[PDB]
Amino acid sequence: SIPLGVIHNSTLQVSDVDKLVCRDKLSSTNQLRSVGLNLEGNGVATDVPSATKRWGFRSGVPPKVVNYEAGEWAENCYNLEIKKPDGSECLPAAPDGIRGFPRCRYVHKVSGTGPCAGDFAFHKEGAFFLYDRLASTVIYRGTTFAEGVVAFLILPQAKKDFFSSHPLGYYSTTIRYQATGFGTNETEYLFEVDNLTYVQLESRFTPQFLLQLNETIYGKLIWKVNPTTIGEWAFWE
Amino acid sequence: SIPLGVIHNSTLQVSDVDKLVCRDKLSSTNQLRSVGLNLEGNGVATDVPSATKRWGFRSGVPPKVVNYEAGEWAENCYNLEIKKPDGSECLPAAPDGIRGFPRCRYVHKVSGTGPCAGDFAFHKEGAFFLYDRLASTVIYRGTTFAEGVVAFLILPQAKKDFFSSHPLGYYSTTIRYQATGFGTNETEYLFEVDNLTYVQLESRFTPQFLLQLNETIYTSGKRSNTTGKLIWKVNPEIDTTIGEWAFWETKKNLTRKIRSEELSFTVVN
Amino acid sequence: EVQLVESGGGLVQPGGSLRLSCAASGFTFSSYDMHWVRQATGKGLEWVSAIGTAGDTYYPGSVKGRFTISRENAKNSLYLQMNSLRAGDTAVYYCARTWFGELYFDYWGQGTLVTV
Amino acid sequence: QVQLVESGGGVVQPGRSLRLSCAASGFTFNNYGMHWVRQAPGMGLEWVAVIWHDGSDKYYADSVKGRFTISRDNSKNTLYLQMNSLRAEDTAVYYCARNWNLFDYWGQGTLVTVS
Amino acid sequence: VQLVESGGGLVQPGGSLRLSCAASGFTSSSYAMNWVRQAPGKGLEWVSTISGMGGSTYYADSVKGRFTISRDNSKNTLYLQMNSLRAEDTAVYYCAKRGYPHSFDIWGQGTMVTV
Amino acid sequence: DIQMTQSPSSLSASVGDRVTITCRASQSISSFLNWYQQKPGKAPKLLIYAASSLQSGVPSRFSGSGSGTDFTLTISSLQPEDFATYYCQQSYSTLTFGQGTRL
Amino acid sequence: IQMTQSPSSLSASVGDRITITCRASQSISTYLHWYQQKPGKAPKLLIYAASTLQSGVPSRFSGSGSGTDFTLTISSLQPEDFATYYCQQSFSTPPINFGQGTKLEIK
Amino acid sequence: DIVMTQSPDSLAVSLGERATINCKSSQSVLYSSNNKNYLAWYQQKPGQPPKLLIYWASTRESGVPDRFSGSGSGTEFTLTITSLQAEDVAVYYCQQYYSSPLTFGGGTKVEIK
Amino acid sequence: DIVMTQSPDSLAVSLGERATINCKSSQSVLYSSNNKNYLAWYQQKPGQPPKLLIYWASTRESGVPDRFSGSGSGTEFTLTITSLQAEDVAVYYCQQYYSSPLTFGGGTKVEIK
Amino acid sequence: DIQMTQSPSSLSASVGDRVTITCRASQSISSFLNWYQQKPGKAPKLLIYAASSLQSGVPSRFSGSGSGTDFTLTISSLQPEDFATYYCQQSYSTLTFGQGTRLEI
Amino acid sequence: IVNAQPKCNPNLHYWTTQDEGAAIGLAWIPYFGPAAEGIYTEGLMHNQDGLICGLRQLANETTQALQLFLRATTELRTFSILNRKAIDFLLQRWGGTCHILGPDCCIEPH
Ligand SMILES: *[C@@H]1O[C@H](CO)[C@@H](O[C@@H]2O[C@H](CO)[C@@H](O[C@@H]3O[C@H](CO[C@H]4O[C@H](CO[C@H]5O[C@H](CO)[C@@H](O)[C@H](O)[C@@H]5O)[C@@H](O)[C@H](O)[C@@H]4O)[C@@H](O)[C@H](O[C@H]4O[C@H](CO)[C@@H](O)[C@H](O)[C@@H]4O)[C@@H]3O)[C@H](O)[C@H]2NC(C)=O)[C@H](O)[C@H]1NC(C)=O
Ligand SMILES: *[C@@H]1O[C@H](CO)[C@@H](O)[C@H](O)[C@H]1NC(C)=O
Ligand SMILES: *[C@@H]1O[C@H](CO)[C@@H](O)[C@H](O)[C@H]1NC(C)=O
Ligand SMILES: *[C@@H]1O[C@H](CO)[C@@H](O)[C@H](O)[C@H]1NC(C)=O
Ligand SMILES: *[C@@H]1O[C@H](CO)[C@@H](O)[C@H](O)[C@H]1NC(C)=O
Ligand SMILES: *[C@@H]1O[C@H](CO)[C@@H](O)[C@H](O)[C@H]1NC(C)=O
């Protein structure tokens with residue numbers, strides 16, 4: 001009983017299966033579409049310190065994957081390379097089908113060590129990790145993902161204005177972090193500006209500020225950096 | 001053209017493909033259901049010595065699996081740990097999706113060595129091995145399974161009448177067996193009471209009997225000794241047969257209880 | 001209780017054949033899986049053959065075709081037929097009984113030495 | 001109403017084989033191990049031999065470890081004690097018993113005199 | 001314990017005929033009943049079978065598109081609706097019940113169909 | 001498909017004799033052959049469940065023999081009621097019958 | 001492995017209150033069996049597990065014991081009761097041994 | 001195939017104090033399903049057939065005294081004699097029964113001091 | 001990475017007597033699809049380039065005399081010289097072409113007596 | 001089926017004293033309990049959400065402790081207005097409310 | 001009936017995956033949700049012997065077709081049988097050229 005949304009006259013009304021309304025027509029299977037909308041759009045914080053809090057490790061629940069035909073550009077995407085302090089793998093290796101999320105403006109590549117209680121990493125908020133048209137409940141090692149929720153749509157009457165044309169240039173920047181105690185409250189992040197130079201993370205920091213941090217600086221060095229409110233607006237604003 | 005059963009007024013009429021009977025109404029895919037019914041409910045012998053005979057090893061046929069949305073509690077489920085007599089793998093490891101049968105009253109865990117002719121083990125009766133909503137034609141190592149058949153049903157009117165409520169505790173006990181010559185006629189099983197005590201197994205012995213035997217061995221069987229592992233032949237020395245009735249049969253009531261004294265023990269050697 | 005006796009050891013010309021016999025007593029021979037284990041003088045124990053309850057035979061690579069193991073249940077005897085023996089085969093050959101349904105060798109026969 | 005009927009007996013000089021049979025009626029012979037118990041004329045009963053329910057496993061008393069062999073045929077509901085070797089002290093009444101653990105049912109004895 | 005066959009007679013080439021096999025002493029619904037045709041002097045060939053509940057209908061190669069077979073489980077009766085009868089179909093027809101290797105075990109008395 | 005052949009088309013023997021009737025399959029059938037005895041003018045009667053098993057109530061003199069590809073049926077004593085013709089059915093695919101054998 | 005009936009012989013009145021005790025070398029967990037044999041008669045079992053009585057035994061034939069010590073008690077004696085009794089262990093069944101039992105007789 | 005390696009080739013130790021033999025397997029012999037380590041320990045006295053001491057890595061044989069204690073998990077295992085005695089002098093072996101070729105590690109000889 | 005180990009480092013055997021060189025590979029080099037072992041045997045006489053005796057574990061090169069026979073399957077293989085003439089004194093090498101690195105085992109030197 | 005049980009079915013306390021109310025779960029629910037106070041004759045009002053957090057505008061006196069199975073609600077000072085029925089709602093599965101506890105003087 | 005089959009179990013105790021509608025708590029979330037063992041639900045259909053027994057017969061009968069279908073298909077894991085049955089049902093009743101008042105087409109006036 002997955003909610004299905006019918007788009008008629010550029011207004012979205014979720015389909016009432018009970019009422020059997022006859023306004024909607026499903027001329028073709030193409031009209032049915034599954035769109036994966038990124039969680040960042042809803043307004044949640046997207047920086048690594050805040051985002052990590054949402055991710056949690058649990059065992060005994062099998063991972064599940066669902067495909068979404070279309071998706072949204074993600075301002076922030078995360079790539080995880082977390083190893084247990086031994087080096088034992090913490091995140092399952094990516095399955096063959098799974099691939100990194102495309103169209104990521106910033107890829108937050110987090111590499112480090114953390115306690116990994118569960119077999120798999122799950123989203124506490126209940127959202128899906130999005131991978132290249134495959135939405136998975138779990139995090140896969142080394143594969144870029146964007147937190148998101150899948151929605152199922154009946155596109156309007158084969159007009160194809162929606163999602164086949166834009167009714168109304170891809171560059172990906174890899175922000176890199178080193179982390180210890182990943183997956184627990186006692187997690188520390190130092191941003192890797194360079195091979196020998198690192199800056200300790202704060203929640204307020206945004207990708208733009210981190211990018212300028214490389215310019216600002218000019219036996220690995222950890223720099224505490226202090227620049228009101230920064231980036232109170234969302235990325236779109 | 002698999003037969004698709006239609007439930008009408010709590011009566012099972014198998015559908016007729018050509019007829020396209022007007023009466024039956026399929027409102028939604030929820031009404032469609034696949035049911036996995038266990039063989040134990042069919043009156044087949046369910047003890048591990050007889051049950052193993054129905055299983056068989058063949059090679060050259062690929063394994064296939066099916067999903068059954070709903071299933072039946074099975075009194076007896078089997079988990080196999082078979083290895084070849086040299087230690088080579090006999091049963092394929094479980095694929096990721098496959099998991100043990102959800103609800104089993106008695107899990108018969110058979111670990112032992114047997115000739116393993118085929119690549120895979122198949123059911124000689126044509127039935128499927130049921131694993132946690134997946135029905136397979138092949139036995140998978142170390143995963144609890146209950147042999148059963150899958151039936152496809154069109155449920156009635158989706159009015160919560162069927163498989164939504166009980167019109168009207170899960171405690172699973174593992175009976176651990178050891179076997180040599182598994183998968184052949186010349187197969188011998190030893191019920192493992194504990195690390196140091198084993199009991200020769202015969203088809204007559206039912207799971208309730210085996211648990212009672214385990215208690216009797218513990219209380220007064222002098223199981224612990226320096227001689228070595230003890231293999232005991234056991235016979236209930238009571239005039240009536242042991243466990244003739246099935247688990248549902250007569251609600252297993254007014255059944256003679258074999259007090260510990262009745263059982264007779266001798267050491268095989 | 002359980003008694004395993006080895007027989008048939010001796011001197012064999014390289015490339016020749018020898019037949020080793022293991023008698024068994026004190027247990028039901030048919031049920032248990034019987035193994036032959038080779039111990040070279042300086043190289044430690046090595047598993048050389050396995051016979052199942054049904055007569056299925058398993059060998060390591062070294063003796064994959066050279067050695068054929070056979071059990072005749074009626075007389076409680078185990079037979080290892082060694083063919084095309086080479087210098088490496090010289091060792092003390094034990095007939096061992098694995099515990100019921102498991103692969104550890106609970107009982108070992110008094111070894112017999114074959115020299116090539 | 002189970003009836004165990006002993007048979008054989010008679011007078012034999014030492015050293016000639018004697019075969020004893022205990023008939024079984026009113027119970028399932030298959031699932032009961034059986035016992036042979038010999039009761040001396042006045043000295044008292046001493047256990048002689050026992051057989052497993054299927055007939056596969058048979059134990060004997062220390063005095064009679066090899067001299068006496070016991071057997072049963074499930075089809076005929078009869079058991080046979082083979083008195084291979086006879087000594088004068090063997091003279092006594094012989095009783096069959098219906099259960100391995102507990103000698104619940106004893107047949108009326110059969111008199112065996114070595115003489 | 002008894003299977004009764006009826007409907008046999010004279011039918012001109014082409015046309016249709018219904019063979020009724022009824023079960024006495026058996027609940028036909030439970031058992032998968034089968035039709036076997038014996039040509040006069042030319043042996044036996046299996047023509048069709050049904051599952052117990054009627055879900056599965058199975059036909060021989062010769063009559064794959066010609067014969068329609070159905071079961072009324074309520075009356076313990078089997079109907080074989082022969083259609084488009086050919087010359088070779090002039091043979092006695094037997095109805096039988098499945099067995100261990102899909103083996104006809106209880107055979108009802110054959111009826112004769114002539115074209 | 002597989003073709004069923006009974007080697008003796010017809011043979012005559014007296015009462016009290018040992019006779020073997022053999023049904024041969026072109027391709028091996030895994031002990032799925034069942035024998036039928038048809039009294040002349042009467043509906044066939046099942047004899048052997050599958051290659052060896054003897055149907056309940058059929059005289060024990062009838063003995064079922066089975067193998068991978070070649071099957072045989074032996075009549076122990078050739079009583080007059082057993083002088084009737086016999087058939088062999090395969091159950092591997094399509095349930096064909098061999099050509100009947102006449103005594 | 002060795003079972004002994006402590007009272008070697010007993011004598012009592014026709015209606016007397018009498019008991020017998022059986023001595024065990026080891027500890028037997030309610031696995032003693034009591035057999036009564038009349039003179040010139042086949043022995044007959046009385047108590048299955050040293051507590052549980054047989055169907056045909058008179059009620060007065062009630063005994064109890066546990067572990068090493070077992071006892072058989074006759075609440076009221078009777079004329080037929082004047083017969084020997086026996087006790088058997090069940091732990092070491094292969095070498096079952098019967099020991100001479102008390103010869104009940106008039107007192 | 002698992003190859004079994006016993007680290008102390010010879011372990012000379014005086015009577016009465018603990019002696020430990022270390023056994024290393026190429027890949028772990030701990031089966032996930034039962035969580036039981038598929039390793040056994042054999043003692044071969046000079047001129048006698050080897051006799052099983054410890055099976056399932058830790059479970060002890062009936063005859064074996066409690067002095068012989070075995071432990072370990074996963075890839076590496078050890079056998080510990082809590083108090084060595086003169087009679088214990090022998091060659092101790094490893095076996096892994098978790099794989100297709102049954103393999104015995106090279107022997108470890110213990111000698112009194 | 002399959003690593004070949006040849007069991008006898010040296011093999012002194014008298015003239016005319018059978019000689020056997022054992023070859024153990026870390027991993028099985030039998031290929032399931034064709035069921036033929038991907039191993040070759042090389043003879044390097046002192047002062048000369050190695051010569052290809054046996055390929056496909058058993059198949060013998062045309063020039064090689066019948067004396068050299070290769071046998072074995074799976075992980076371990078052996079090369080048997082039925083009659084060892086003096087001119088066969090050399091160092092014998094294995095090769096595995098099942099996998100990428102194409103390793104060779106340590107040589108085995110056979111010396112006449 | 002999750003079974004809410006409120007241990008102090010009737011609690012009587014005076015003004016200006018600490019009071020603890022405990023709600024127990026049949027099996028562990030991960031910090032998903034919610035506390036509602038219902039003044040007699042008026043709508044229930046949310047006090048504690050997620051078993052620890054305090055809803056905005058609630059007096060700081062109310063506080064709660066959370067665990068898998070056992071939860072407690074602590075009213076630091078019982079001013080007379082805070083005398084009413086208190087309910088524990090478990091949000092882990094099927095949203096069952098507790099029997100409820102009426103605090104009085 | 002099911003006496004063709006040796007013994008029919010009068011009681012059916014069925015375990016099934018939970019209904020989508022019943023669960024409202026924050027246990028849908030995989031992280032906070034029940035483990036694999038706990039997802040199942042219980043039911044008993046003991047009251048009606050006839051339907052469940054017939055059902056056991058139907059399953060015994062359908063296994064042959066199911067096995068042949070599996071043999072033909074190349075699916076390692078087959079989860080489309082129910083959907084294929086649904087599309088067969090719709091394709092059959094409403095395949096096309098369905099007479100307004102005919103056996104072929106279910107449609108009925110008024
Ligand atoms: C669906 O339900 C059907 C109906 O219950 C199941 O059918 C069962 O099949 C199994 C195996 O496929 C059979 O077990 C066999 O028993 C044989 C012993 O003889 C049996 O035959 C009787 C069956 O009676 C019916 O058929 C006979 C034969 O025509 C008729 O005469 C009779 O009137 C009935 O029509 C039983 O009544 C009897 O008590 C016996 O049980 C064995 O010989 C057989 O094979 C064994 O030996 C083979 C050769 O060595 C070997 O290959 C086998 O592996 C095995 O060792 C097998 O054990 C059931 O008897 C049969 N029941 C019925 C009622 O026919 C079907 O299995 C089931 N399918 C699914 C998927 O659930
Ligand atoms: C982190 O969480 C743990 C577990 O609840 C807790 O014991 C610890 O005090 C917390 N530490 C911080 C800094 O939040
Ligand atoms: C710096 O690190 C990058 C990888 O992050 C590496 O490619 C590069 O060679 C390094 N350069 C120096 C000078 O260390
Ligand atoms: C078991 O099957 C084999 C296969 O031929 C046979 O040789 C053997 O005699 C059978 N055993 C018994 C007890 O029938
Ligand atoms: C029955 O076996 C179980 C383990 O399977 C054991 O824990 C228990 O102690 C046994 N019974 C008794 C009465 O001891
Ligand atoms: C059996 O062995 C296991 C593993 O050592 C142990 O945990 C358990 O307590 C043992 N049980 C008995 C009865 O010896």
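Residue labels reflect position in each chain's written sequence, counted from 1, rather than necessarily the entry's numbering. Residues lacking coordinates are not shown. Chain letters and ligand numbers both follow the written order, the letters beginning at A and the numbers at 1. Scope of values: the displayed chains only, which are part of a larger assembly. Here the side-chain values reflect all heavy atoms present in the structure, with hydrogen atoms and water set aside. Residues with missing side-chain atoms are left out of burial classes, side-chain pairs and their counts.

*Asks:* Could you give me a rundown of the packing of aromatic side chains, with the residues and numbers involved?
*Replies:* Stacked, edge-to-face and tilted are the three classes for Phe, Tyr and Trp ring pairs, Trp counted by its six-membered ring, which pair at centre distances within 6.5 Å; planes under 30 degrees apart are stacked, over 60 edge-to-face, the rest tilted. A full pass over the atoms with the stated rule returns 92 aromatic pairs over all chains. Seen in terms of ring centroids, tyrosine 95 of chain D and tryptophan 106 of chain D are 6.0 Å apart; in terms of plane orientation they differ by 65°. Their pairing is edge-to-face. Here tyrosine 95 of chain D is found in strand β9 (residues 92–97), whereas its partner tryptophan 106 of chain D is found in the loop between β9 and β10 (110–114), with 11 residues between them in sequence. Across the pair, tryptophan 106 of chain D and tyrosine 95 of chain D agree in class, each one buried. Note on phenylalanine 104 of chain E and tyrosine 36 of chain F: the rings are 6.0 Å apart at their centroids and 35° apart in plane angle, and the pair reads as tilted. Here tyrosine 36 of chain F lies in strand β3 (residues 33–38) and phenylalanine 104 of chain E lies in the loop between β8 (91–97) and β9 (111–113), a pairing that spans two chains. In this structure, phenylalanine 104 of chain E and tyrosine 36 of chain F share a single accessibility class: buried. Labels follow the DSSP assignment, with helices taken as runs of H or I lasting at least four residues and strands as runs of E lasting at least two, numbered in each case from the N terminus. Only protein chains enter the accessibility calculation, which uses a 1.4 Å probe; a residue is then buried when its area is under 20% of its type maximum, exposed when over 50%, and partly exposed in between.

*Asks:* I'd like a description of the interface of chain B and chain K, backed by residues and values.
*Replies:* Taken together, the contacts link 69 residues of chain B with 55 residues of chain K. By buried area we mean how much accessible surface two parts lose on assembly, using a 1.4 Å probe and totalling the loss over both. Summing both sides of the interface, chain B and chain K together bury roughly 5,400 Å²; the carbon and sulfur share of this comes to 64%. The largest share of the area that chain B buries against chain K comes from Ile2, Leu20 and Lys64 of chain B, three residues that together contribute 12% of it. The salt bridge criterion pairs a side-chain nitrogen of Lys or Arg with a carboxyl oxygen of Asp or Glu, the two atoms within 4 Å. Taken together, the links from chain B to chain K amount to 5 salt bridges. Notably, a salt bridge pairs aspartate 96 of chain B with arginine 77 of chain K, separated by 3.7 Å at the nearest N-O pair. Elements supplying a minimum of two residues to the side of chain B that touches chain K: β1 (4–8), β2 (11–14), β3 (32–38), β5 (65–67), β6 (70–72) and β12 (146–154) of chain B. Note on residue categories: nonpolar means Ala, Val, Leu, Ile, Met, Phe, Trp, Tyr, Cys or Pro, charged means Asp, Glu, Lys or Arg, and polar means any other residue, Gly included. Tallied by class, residues from the side of chain B that touches chain K come to 38 nonpolar, 18 polar and 13 charged. Every residue pair with non-hydrogen atoms within 4.5 Å of one another is taken to be in contact.

*Asks:* Which residues make up the pairing of strand β1 (residues 2–6) of chain E, and what are the values?
*Replies:* Residues and elements named next belong to chain E. Judged by which residues are buried, β1 turns out to be one-sided: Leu3 and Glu5 face inward and are buried, whereas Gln2, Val4 and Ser6, on the alternate face, are not. Here β1 pairs with strand β2 (residues 16–24) via 5 bridges, running antiparallel. The partner of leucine 3 across the bridge, within β2, is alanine 23. Paired strands, in this sense, are two strands between which DSSP finds at least two bridges.

*Asks:* Could you give an account of the state of the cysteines, naming the residues involved and the relevant values?
*Replies:* Residues and elements named next belong to chain A. Only a pair of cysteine sulfur atoms within 2.5 Å counts as a disulfide in this structure description. Throughout the structure, instances matching the rule amount to 14 disulfides over all chains. There is a disulfide in this structure between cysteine 90 and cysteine 116, and the S-S distance comes to 2.0 Å. The S-S bond linking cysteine 90 to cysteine 116 shows a torsion near -95°; that makes this disulfide left-handed. Here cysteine 90, found in the loop between β7 (74–83) and β8 (104–113), pairs with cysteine 116, found in the loop between β8 and β9 (120–123); they are 26 residues apart in sequence, far enough to count as distant. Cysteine 90 gets classed as buried once you look at its relative accessible area, which sits at 2%.

*Asks:* Quick rundown of the interface of chain B and chain H? Include the residues and the values.
*Replies:* Each side of the interface is counted separately: chain B has 14 residues, and chain H has 10 residues. Across the chain B-chain H interface, the total number found is 1 salt bridge. Here the side of chain B that touches chain H is composed, by residue class, of 1 nonpolar, 7 polar and 6 charged.

*Asks:* A description of the sheet that holds strand β5 (residues 62–65) of chain F should follow, citing residues and the corresponding values.
*Replies:* Residues and elements named next belong to chain F. One open sheet accounts for 4 strands, arranged β1-β2-β6-β5; its pairing is antiparallel. Each having just a single partner strand, β1 (4–6) and β5 make up the two edges of the open sheet. In this sheet, adjacent strand axes meet at a mean angle of 20° when their direction is disregarded. Only the stretch in contact is used when fitting a helix axis, every axis being a line fitted to C-alpha atoms; angles between N-to-C directions are given from 0 to 180 degrees.

*Asks:* Which residues make up the side chain of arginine 54 of chain A, and what are the values?
*Replies:* If you trace the backbone, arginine 54 of chain A turns up in helix α1 (residues 48–54). The contacts of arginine 54 of chain A, once residues within four sequence positions are left out, are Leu39, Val44, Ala45, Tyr78, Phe122, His123, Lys124, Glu125 and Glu147 of chain A.

*Asks:* I'd like to hear about the pattern of salt bridges, residue by residue, with values.
*Replies:* For the coordinates displayed, the defined rule picks out 54 salt bridges over all chains. Residues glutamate 262 of chain B and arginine 256 of chain B are paired through a salt bridge, measuring 3.1 Å at the closest nitrogen-oxygen approach. Owing to a relative accessible area of 13%, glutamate 262 of chain B belongs among the buried residues under this scheme. Accessibility expressed as a relative area gives 39% for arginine 256 of chain B, which makes it partly exposed. Connected via shared salt-bridge partners are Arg37, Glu45, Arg66, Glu88 and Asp89 of chain E.

*Asks:* Can you explain the nonpolar core? Please cite residues and give values.
*Replies:* For this analysis, a nonpolar core means a set of buried residues of the types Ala, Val, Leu, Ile, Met, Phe, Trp, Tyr and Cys, connected via side-chain atoms within 4.5 Å. Ranked by internal contacts, the top residues of the largest apolar core, which has 67 residues, are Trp55, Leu80, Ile139, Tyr177 and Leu210 of chain A together with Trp35 of chain J. With 57 residues, the next largest nonpolar core counts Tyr198 of chain B together with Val12, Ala24 and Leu78 of chain C among its residues.

*Asks:* Can you explain unusual backbone geometry? Please cite residues and give values.
*Replies:* The phi dihedral of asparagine 77 of chain D falls on the positive side, at around 55°, and the residue is not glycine. Within the fold, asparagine 77 of chain D resides in the loop between β7 (68–73) and β8 (78–83). Positive phi is not limited to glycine here, since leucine 78 of chain F has a value of about 55°. Its place among the elements puts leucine 78 of chain F in the loop between β6 (70–75) and β7 (85–90).

*Asks:* Can you lay out the sheet that holds strand β6 (residues 67–72) of chain C for me, pointing to particular residues and giving the numbers?
*Replies:* All names here are of chain C. Overall, antiparallel pairing links the 4 strands, which are arranged β1-β2-β7-β6 in an open sheet. Two strands in the sheet have a free side with no partner beyond their single neighbour: β1 (3–7) and β6. The sheet shows a mean angle of 15° between the axes of neighbouring strands, taken without regard to direction. As defined by bridge partners, β6 adjoins strand β7 (residues 77–82) across 6 bridges and the pair is classed as antiparallel. Paired with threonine 68 across the two strands is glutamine 81, which belongs to β7.

*Asks:* Before we move on, could you go through helix α3 (residues 207–217) of chain A and cite the residues and values that matter?
*Replies:* All names here are of chain A. Turning to α3, its buried residues number three or more, namely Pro207, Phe209, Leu210 and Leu213. Take α3 and look down its axis: the buried residues cluster within an arc of 160°, on one side only. Against the buried residues of α3 lie β7, β8, β13 (173–180), β14 (188–192) and β15 (197–200). Directions are taken from the helix axis to each C-beta atom, and the arc is the one they span.

*Asks:* Quick one: what's the story with the pairing of strand β3 (residues 18–28) of chain G, residue by residue and with numbers?
*Replies:* Residues and elements named next belong to chain G. Where strand β1 (residues 3–5) meets β3, 3 bridges bridge the pair, whose relative direction is antiparallel. Among the inter-strand pairings, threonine 4 is bridged to a residue of β3, identified as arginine 23. The pairing of β3 with strand β6 (residues 61–74) spans 7 bridges and is antiparallel. Counterpart to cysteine 22 in the pairing with β6 is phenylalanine 70.

*Asks:* Give me the lowdown on the arrangement of the chains, citing residues and values where you can.
*Replies:* Among 15 pairs of chains with at least one contact, chains B and K form the most extensive contact set. Considering only C-alpha positions, the minimal separation of the non-contacting chain A and chain D is 48 Å. Here chain D and chain E are not in contact; the least distance found between their C-alpha atoms is 30 Å.

*Asks:* An account of the environment of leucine 103 of chain J is requested, with residue identities and associated values reported.
*Replies:* Residue and element names in this part refer to chain J. Mapped onto the elements of the fold, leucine 103 is located in strand β11 (residues 101–104). Sequence-wise, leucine 103 and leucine 33 are 70 residues apart; in three dimensions their C-alpha atoms are separated by 19 Å. Dropping the residues within four chain positions of it, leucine 103 is found in contact with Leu11, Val19, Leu78, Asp82, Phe83, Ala84 and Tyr86.

*Asks:* Give me the lowdown on the UniProt feature "disulfide bond" in chain K, citing residues and values where you can.
*Replies:* All names here are of chain K. UniProt positions are given in the numbering used here, feature names are shortened, and annotations may be inferred rather than shown by experiment. For the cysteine pair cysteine 8 and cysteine 53, annotated in UniProt as disulfide-bonded, the sulfur atoms lie 2.0 Å apart, consistent with the bond being present in this model. One end of the pair, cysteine 8, is in the segment before β1 (13–17); the other, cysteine 53, is in helix α1 (residues 49–72), and 45 residues separate them in sequence. Between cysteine 98 and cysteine 105, where UniProt records a disulfide, the sulfur-sulfur distance comes to 2.0 Å, consistent with the annotated bond. Taking relative accessible area as the criterion, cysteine 105 reaches 3% and is therefore assigned buried.

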